[PDB]
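Worksheet for the structure shown next.
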Amino acid sequence: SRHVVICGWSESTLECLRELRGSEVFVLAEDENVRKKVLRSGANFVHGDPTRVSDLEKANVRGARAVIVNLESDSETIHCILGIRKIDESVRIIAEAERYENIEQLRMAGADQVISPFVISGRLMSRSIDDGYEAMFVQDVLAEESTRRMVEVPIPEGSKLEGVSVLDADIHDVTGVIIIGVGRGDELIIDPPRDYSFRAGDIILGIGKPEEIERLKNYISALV
Amino acid sequence: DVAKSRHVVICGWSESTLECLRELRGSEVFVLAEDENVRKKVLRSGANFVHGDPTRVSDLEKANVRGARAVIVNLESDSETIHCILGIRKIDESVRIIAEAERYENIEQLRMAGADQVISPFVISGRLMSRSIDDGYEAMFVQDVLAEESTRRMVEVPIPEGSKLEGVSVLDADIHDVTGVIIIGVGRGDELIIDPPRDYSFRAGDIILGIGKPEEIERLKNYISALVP
Ligand SMILES: [Ca+2]
Ligand SMILES: [Ca+2]
């Protein structure tokens, strides 16, 4: 699709870039020492201040499919988001929050989604006091090398599942895929109730093996 | 009949620490750091503050690392985290150590020093971000299933000795239809099986990793309780 712009550089962006290999990514940062790592990761480097409108334009934010924002502090991240919104009101903005208390301000500035790595981290650590299964779960289903992965499968128009409940769909027994959620618009229902009825456009959030995932895609396709 | 839980030690201060402490309200926690500016933050969360160097064995001794329920390590760099872990292992070879890694390449070195579990917030973050380009459902899930205020939570439920499920396969156990809890994994020792096969057979000591409503969770606990009390 369209290129992705990343504003700022942290240790998050390095791991982000690694997963986005094969997509057109522009990294806008003012730290020149980072240029070589950016190129090594397969991305393009654009030197400038992401809180400056003219530099966001240089990165072609107005033609991006999304902008990911993670500057050194939350106030700078907010400043950058405000600059993006002056240029492009509709472009999807994903931002990293440093502090929990600032999340609402990141949204208010214009972020469509906020990710708080240190909230996630602190919560996983406190939950790892006796055993690490919850932390193992989160880190395994996000890793590519895992046999069992977390995927999103959209329910197409004319799907065999349209109008069918979670209970009657019997997705785990039929396909081997665990439904952990169904999402639509900006809403996510985790562990949907048996009487939730699938709609075309619903996104199924599932966990399964690659062959289980294919069985799921076939099961929910339109009749032939 | 409930033996008091042992204290937890936290070494260092990062932005993870504030949220960690918030979740450990109601348990005995000691925080060892050499930054005095954090003392008020520690007391405000209900924990105790110990001023000292976490890479210094005597200060680790002072922070009651010995006999702790767990030690959580999050220093400013991976080399310093490693230095701290080595100090802990000279004091207590068996205590459970959880460490925060700054850079991915250092994870195995942290494990080698003595960490039983490594958590990498920038790896998690980078991956969630990369998955959020079009929509945010995976990031919403991870952050939602970890929050206390959610109607649907991720929990760990142990299979008790003499359980009805002992010897019972996942298929025959029919846990989701019986209790309403999604089984996302089963754990034991340092190992986790995500989404166990139909013919996996439950054992006493197994930990069920599940997602459900509080009442569904209670139904799981009754279903798997011992036949004989
Ligand atoms: Ca399966
Ligand atoms: Ca349920």
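Each chain in the structure tokens gets a letter, A, B and so on, in the order shown; residues start at 1 in every chain, and ligands are counted from 1 in the order they appear.
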Counting only C-alpha atoms, give me one row per residue of chain B with an atom at most 6 Å from an atom of chain A, showing the shortest contact pair and its distance in Å to one decimal, sorted by chain then residue number, as JSON lines.
```
{"residue": "B:15", "atom": "CA", "partner": "A:118", "partner_atom": "CA", "distance": 5.9}
{"residue": "B:16", "atom": "CA", "partner": "A:122", "partner_atom": "CA", "distance": 4.4}
{"residue": "B:17", "atom": "CA", "partner": "A:122", "partner_atom": "CA", "distance": 5.9}
{"residue": "B:19", "atom": "CA", "partner": "A:122", "partner_atom": "CA", "distance": 4.9}
{"residue": "B:20", "atom": "CA", "partner": "A:122", "partner_atom": "CA", "distance": 4.1}
{"residue": "B:70", "atom": "CA", "partner": "A:129", "partner_atom": "CA", "distance": 5.7}
{"residue": "B:121", "atom": "CA", "partner": "A:117", "partner_atom": "CA", "distance": 5.3}
{"residue": "B:122", "atom": "CA", "partner": "A:12", "partner_atom": "CA", "distance": 4.4}
{"residue": "B:123", "atom": "CA", "partner": "A:15", "partner_atom": "CA", "distance": 5.7}
{"residue": "B:125", "atom": "CA", "partner": "A:117", "partner_atom": "CA", "distance": 5.1}
{"residue": "B:126", "atom": "CA", "partner": "A:16", "partner_atom": "CA", "distance": 4.1}
{"residue": "B:127", "atom": "CA", "partner": "A:16", "partner_atom": "CA", "distance": 5.6}
{"residue": "B:130", "atom": "CA", "partner": "A:16", "partner_atom": "CA", "distance": 5.3}
{"residue": "B:133", "atom": "CA", "partner": "A:66", "partner_atom": "CA", "distance": 5.9}
```
Same residues, N, CA, C and O atoms, output as a PDB file, in the first residue's frame:
```
ATOM      1  N   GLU B  15      10.209   3.446  33.950  1.00  0.00           N
ATOM      2  CA  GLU B  15       8.811   3.902  33.883  1.00  0.00           C
ATOM      3  C   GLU B  15       7.845   2.716  34.018  1.00  0.00           C
ATOM      4  O   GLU B  15       6.652   2.902  34.278  1.00  0.00           O
ATOM      5  N   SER B  16       8.378   1.505  33.856  1.00  0.00           N
ATOM      6  CA  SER B  16       7.637   0.284  34.150  1.00  0.00           C
ATOM      7  C   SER B  16       7.311   0.177  35.632  1.00  0.00           C
ATOM      8  O   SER B  16       6.291  -0.397  36.008  1.00  0.00           O
ATOM      9  N   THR B  17       8.207   0.680  36.474  1.00  0.00           N
ATOM     10  CA  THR B  17       8.126   0.424  37.910  1.00  0.00           C
ATOM     11  C   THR B  17       6.869   0.983  38.557  1.00  0.00           C
ATOM     12  O   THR B  17       6.277   0.363  39.434  1.00  0.00           O
ATOM     13  N   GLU B  19       3.897   1.354  37.266  1.00  0.00           N
ATOM     14  CA  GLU B  19       2.736   0.508  37.009  1.00  0.00           C
ATOM     15  C   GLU B  19       2.857  -0.833  37.706  1.00  0.00           C
ATOM     16  O   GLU B  19       1.861  -1.400  38.146  1.00  0.00           O
ATOM     17  N   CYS B  20       4.081  -1.322  37.832  1.00  0.00           N
ATOM     18  CA  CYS B  20       4.295  -2.567  38.525  1.00  0.00           C
ATOM     19  C   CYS B  20       3.875  -2.423  39.995  1.00  0.00           C
ATOM     20  O   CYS B  20       3.098  -3.225  40.505  1.00  0.00           O
ATOM     21  N   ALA B  70      10.148 -12.971  44.975  1.00  0.00           N
ATOM     22  CA  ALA B  70      10.687 -12.732  43.648  1.00  0.00           C
ATOM     23  C   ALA B  70      11.528 -11.491  43.701  1.00  0.00           C
ATOM     24  O   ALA B  70      11.341 -10.660  44.594  1.00  0.00           O
ATOM     25  N   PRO B 121       9.985  -4.499  26.997  1.00  0.00           N
ATOM     26  CA  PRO B 121       8.913  -3.569  26.644  1.00  0.00           C
ATOM     27  C   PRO B 121       9.040  -2.928  25.248  1.00  0.00           C
ATOM     28  O   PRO B 121       8.005  -2.702  24.614  1.00  0.00           O
ATOM     29  N   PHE B 122      10.254  -2.691  24.757  1.00  0.00           N
ATOM     30  CA  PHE B 122      10.414  -2.027  23.463  1.00  0.00           C
ATOM     31  C   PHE B 122      10.178  -3.011  22.328  1.00  0.00           C
ATOM     32  O   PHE B 122       9.787  -2.617  21.220  1.00  0.00           O
ATOM     33  N   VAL B 123      10.381  -4.296  22.606  1.00  0.00           N
ATOM     34  CA  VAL B 123      10.068  -5.314  21.624  1.00  0.00           C
ATOM     35  C   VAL B 123       8.559  -5.473  21.482  1.00  0.00           C
ATOM     36  O   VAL B 123       8.022  -5.516  20.362  1.00  0.00           O
ATOM     37  N   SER B 125       6.349  -3.255  22.327  1.00  0.00           N
ATOM     38  CA  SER B 125       5.858  -1.999  21.785  1.00  0.00           C
ATOM     39  C   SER B 125       6.056  -1.916  20.269  1.00  0.00           C
ATOM     40  O   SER B 125       5.115  -1.605  19.532  1.00  0.00           O
ATOM     41  N   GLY B 126       7.273  -2.208  19.811  1.00  0.00           N
ATOM     42  CA  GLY B 126       7.579  -2.153  18.391  1.00  0.00           C
ATOM     43  C   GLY B 126       6.704  -3.110  17.601  1.00  0.00           C
ATOM     44  O   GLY B 126       6.238  -2.802  16.488  1.00  0.00           O
ATOM     45  N   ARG B 127       6.449  -4.274  18.178  1.00  0.00           N
ATOM     46  CA  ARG B 127       5.618  -5.243  17.490  1.00  0.00           C
ATOM     47  C   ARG B 127       4.140  -4.851  17.453  1.00  0.00           C
ATOM     48  O   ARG B 127       3.463  -5.030  16.420  1.00  0.00           O
ATOM     49  N   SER B 130       3.769  -2.050  14.904  1.00  0.00           N
ATOM     50  CA  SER B 130       3.839  -2.525  13.532  1.00  0.00           C
ATOM     51  C   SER B 130       2.549  -3.233  13.150  1.00  0.00           C
ATOM     52  O   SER B 130       2.174  -3.256  11.983  1.00  0.00           O
ATOM     53  N   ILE B 133      -0.951  -0.681  12.015  1.00  0.00           N
ATOM     54  CA  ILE B 133      -0.989   0.210  10.858  1.00  0.00           C
ATOM     55  C   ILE B 133      -2.411   0.421  10.310  1.00  0.00           C
ATOM     56  O   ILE B 133      -2.787   1.540   9.959  1.00  0.00           O
TER      57      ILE B 133
END
```
Given 6 Å and only C-alpha atoms and all ligand atoms, residues near ligand 2 as a ChimeraX atom specification: /A:191 /B:180-181,212-213
Extract, using only C-alpha atoms, all DNA, RNA and protein residues at most 9 Å from residue 23 in chain A, discarding same-chain residues fewer than 4 positions from it, and format them as a PDB file with N, CA, C and O atoms, in the first residue's frame.
```pdb
ATOM      1  N   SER A   1       0.833  -1.198   0.000  1.00  0.00           N
ATOM      2  CA  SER A   1       0.000   0.000   0.000  1.00  0.00           C
ATOM      3  C   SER A   1       0.874   1.258   0.000  1.00  0.00           C
ATOM      4  O   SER A   1       1.984   1.271  -0.532  1.00  0.00           O
ATOM      5  N   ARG A   2       0.343   2.314   0.594  1.00  0.00           N
ATOM      6  CA  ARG A   2       1.041   3.572   0.758  1.00  0.00           C
ATOM      7  C   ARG A   2       2.150   3.455   1.818  1.00  0.00           C
ATOM      8  O   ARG A   2       2.135   2.550   2.652  1.00  0.00           O
ATOM      9  N   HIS A   3       3.137   4.340   1.750  1.00  0.00           N
ATOM     10  CA  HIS A   3       4.242   4.317   2.689  1.00  0.00           C
ATOM     11  C   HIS A   3       3.783   4.658   4.112  1.00  0.00           C
ATOM     12  O   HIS A   3       2.724   5.256   4.324  1.00  0.00           O
ATOM     13  N   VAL A   4       4.595   4.250   5.078  1.00  0.00           N
ATOM     14  CA  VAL A   4       4.367   4.510   6.491  1.00  0.00           C
ATOM     15  C   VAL A   4       5.455   5.475   6.967  1.00  0.00           C
ATOM     16  O   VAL A   4       6.628   5.324   6.586  1.00  0.00           O
ATOM     17  N   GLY A  42      16.104  -1.376   6.152  1.00  0.00           N
ATOM     18  CA  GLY A  42      15.357  -1.395   4.908  1.00  0.00           C
ATOM     19  C   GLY A  42      14.496  -0.168   4.699  1.00  0.00           C
ATOM     20  O   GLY A  42      13.851  -0.032   3.657  1.00  0.00           O
ATOM     21  N   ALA A  43      14.529   0.749   5.663  1.00  0.00           N
ATOM     22  CA  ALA A  43      13.722   1.967   5.597  1.00  0.00           C
ATOM     23  C   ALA A  43      14.492   3.143   5.002  1.00  0.00           C
ATOM     24  O   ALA A  43      15.701   3.060   4.775  1.00  0.00           O
TER      25      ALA A  43
END
```
Range 67-118 of chain A: residues DSSP assigns to strand (DSSP E or B), reported as a ChimeraX atom specification: /A:67-69,92-96,113-115
Mind dumping the selected residues with C-alpha atoms as a PDB file, in the first residue's frame?
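Output file result.pdb follows:
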```pdb
ATOM      1  CA  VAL A  67       2.027   7.696  10.973  1.00  0.00           C
ATOM      2  CA  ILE A  68       3.702   6.192  14.038  1.00  0.00           C
ATOM      3  CA  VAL A  69       4.847   8.727  16.585  1.00  0.00           C
ATOM      4  CA  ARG A  92      -4.234   7.188  11.031  1.00  0.00           C
ATOM      5  CA  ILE A  93      -1.867   8.154  13.843  1.00  0.00           C
ATOM      6  CA  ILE A  94      -0.373   5.549  16.202  1.00  0.00           C
ATOM      7  CA  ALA A  95       1.534   6.950  19.189  1.00  0.00           C
ATOM      8  CA  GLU A  96       3.687   5.579  21.979  1.00  0.00           C
ATOM      9  CA  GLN A 113      -4.375   4.727  18.875  1.00  0.00           C
ATOM     10  CA  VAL A 114      -2.035   4.903  21.846  1.00  0.00           C
ATOM     11  CA  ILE A 115       0.370   2.156  22.858  1.00  0.00           C
TER      12      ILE A 115
END
```
Contacts of residue 207 in chain B at 10 Å (only C-alpha atoms; same-chain gap of 2+ positions) as a PyMOL selection string: (chain A and resi 131+133) or (chain B and resi 155-160+185-189+192+202-205+209-210)
Test item: residues at most 7 Å from residue 8 in chain B, only C-alpha atoms, excluding those fewer than 5 positions along its chain, as a PyMOL selection string: chain B and resi 28-30+68-71
Backbone DSSP call of helix (DSSP H, G or I) for range 33-189 of chain B, listed as a PyMOL selection string: chain B and resi 36-44+57-62+78-91+104-113+121-130+137-144+170-173+175-179
Selection: 9 Å around residue 50 in chain B, only C-alpha atoms, excl. self and same-chain fewer than 2 positions, as an NGL selection string: :B and (30-34 or 39 or 48 or 52 or 59 or 62-63)
Would you mind exporting N, CA, C and O atoms of the selected residues as a short mmCIF file (atom, residue, chain, number, x, y, z; two decimals), in the first residue's frame?
```
data_model
loop_
_atom_site.label_atom_id
_atom_site.label_comp_id
_atom_site.auth_asym_id
_atom_site.auth_seq_id
_atom_site.Cartn_x
_atom_site.Cartn_y
_atom_site.Cartn_z
N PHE B 30 9.78 -4.08 48.54
CA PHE B 30 10.92 -3.22 48.79
C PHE B 30 11.50 -2.79 47.46
O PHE B 30 11.71 -3.63 46.56
N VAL B 31 11.72 -1.48 47.31
CA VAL B 31 12.37 -0.93 46.13
C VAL B 31 13.77 -0.39 46.47
O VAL B 31 13.94 0.47 47.34
N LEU B 32 14.78 -0.94 45.80
CA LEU B 32 16.16 -0.54 45.98
C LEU B 32 16.66 0.26 44.79
O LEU B 32 16.76 -0.26 43.68
N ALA B 33 16.94 1.53 45.01
CA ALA B 33 17.45 2.37 43.95
C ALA B 33 18.34 3.43 44.58
O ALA B 33 18.19 3.71 45.77
N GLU B 34 19.21 4.04 43.80
CA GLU B 34 20.08 5.04 44.39
C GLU B 34 19.61 6.46 44.07
O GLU B 34 20.28 7.42 44.45
N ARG B 39 11.91 8.27 46.08
CA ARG B 39 11.46 7.90 47.43
C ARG B 39 9.98 8.23 47.66
O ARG B 39 9.24 7.40 48.18
N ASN B 48 8.02 0.11 50.27
CA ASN B 48 9.09 0.63 51.11
C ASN B 48 10.32 0.97 50.27
O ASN B 48 10.68 0.22 49.37
N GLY B 52 20.18 2.62 47.90
CA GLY B 52 21.42 1.88 47.69
C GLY B 52 21.68 1.47 46.25
O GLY B 52 20.90 1.76 45.35
N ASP B 59 23.99 -4.03 49.47
CA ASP B 59 22.76 -3.25 49.41
C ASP B 59 21.60 -4.15 49.01
O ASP B 59 20.48 -3.98 49.49
N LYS B 62 20.70 -5.71 52.11
CA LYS B 62 19.93 -4.75 52.89
C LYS B 62 18.48 -4.66 52.42
O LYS B 62 17.58 -4.40 53.21
N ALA B 63 18.25 -4.92 51.14
CA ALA B 63 16.91 -4.80 50.57
C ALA B 63 16.12 -6.09 50.72
O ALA B 63 15.01 -6.21 50.18
#
```
For ligand 1, the nearest of the candidates B:183, B:110, B:228, B:208, counting only C-alpha atoms and all ligand atoms: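 The shortest atom-to-atom distance to ligand 1 comes from B:183.
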Residue 195 in chain A surroundings by only C-alpha atoms, 12 Å radius, close-in-sequence under 6 positions cut, as a PyMOL selection string: chain A and resi 163-170
Same residues, C-alpha atoms, output as a PDB file, in the first residue's frame:
```
ATOM      1  CA  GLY A 163     -26.036 -13.813  10.713  1.00  0.00           C
ATOM      2  CA  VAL A 164     -24.611 -16.854  12.511  1.00  0.00           C
ATOM      3  CA  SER A 165     -23.920 -16.821  16.258  1.00  0.00           C
ATOM      4  CA  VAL A 166     -20.609 -17.539  17.966  1.00  0.00           C
ATOM      5  CA  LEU A 167     -22.128 -20.722  19.508  1.00  0.00           C
ATOM      6  CA  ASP A 168     -23.511 -22.087  16.219  1.00  0.00           C
ATOM      7  CA  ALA A 169     -20.373 -21.080  14.287  1.00  0.00           C
ATOM      8  CA  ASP A 170     -18.402 -23.522  16.460  1.00  0.00           C
TER       9      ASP A 170
END
```
Atom pair CA of residue 76 in chain A / CA of residue 29 in chain A: separation (Å):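 Spanning CA of residue 76 in chain A to CA of residue 29 in chain A is a straight-line distance of 12.3 Å.
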Please tabulate, as JSON lines, the residues of chain B that come within 12 Å of ligand 1, each with its closest pair of atoms and the distance in Å to one decimal, counting only C-alpha atoms and all ligand atoms and ordering rows by chain, then residue number upward.
```
{"residue": "B:170", "atom": "CA", "partner": "ligand 1", "partner_atom_place_in_ligand_line": "1 (Ca)", "distance": 11.0}
{"residue": "B:171", "atom": "CA", "partner": "ligand 1", "partner_atom_place_in_ligand_line": "1 (Ca)", "distance": 11.2}
{"residue": "B:183", "atom": "CA", "partner": "ligand 1", "partner_atom_place_in_ligand_line": "1 (Ca)", "distance": 10.5}
{"residue": "B:184", "atom": "CA", "partner": "ligand 1", "partner_atom_place_in_ligand_line": "1 (Ca)", "distance": 9.4}
{"residue": "B:185", "atom": "CA", "partner": "ligand 1", "partner_atom_place_in_ligand_line": "1 (Ca)", "distance": 10.4}
{"residue": "B:193", "atom": "CA", "partner": "ligand 1", "partner_atom_place_in_ligand_line": "1 (Ca)", "distance": 10.7}
{"residue": "B:194", "atom": "CA", "partner": "ligand 1", "partner_atom_place_in_ligand_line": "1 (Ca)", "distance": 8.5}
{"residue": "B:195", "atom": "CA", "partner": "ligand 1", "partner_atom_place_in_ligand_line": "1 (Ca)", "distance": 5.3}
{"residue": "B:196", "atom": "CA", "partner": "ligand 1", "partner_atom_place_in_ligand_line": "1 (Ca)", "distance": 6.6}
{"residue": "B:197", "atom": "CA", "partner": "ligand 1", "partner_atom_place_in_ligand_line": "1 (Ca)", "distance": 6.1}
{"residue": "B:198", "atom": "CA", "partner": "ligand 1", "partner_atom_place_in_ligand_line": "1 (Ca)", "distance": 8.0}
{"residue": "B:199", "atom": "CA", "partner": "ligand 1", "partner_atom_place_in_ligand_line": "1 (Ca)", "distance": 11.1}
{"residue": "B:200", "atom": "CA", "partner": "ligand 1", "partner_atom_place_in_ligand_line": "1 (Ca)", "distance": 11.3}
```
Among the residues A:74, A:159, A:171, A:145, the one that comes closest to residue 210 in chain A [using only C-alpha atoms]: A:145
Proximity to residue 54 in chain A - best of A:40, A:158, A:78, A:84, only C-alpha atoms: A:84
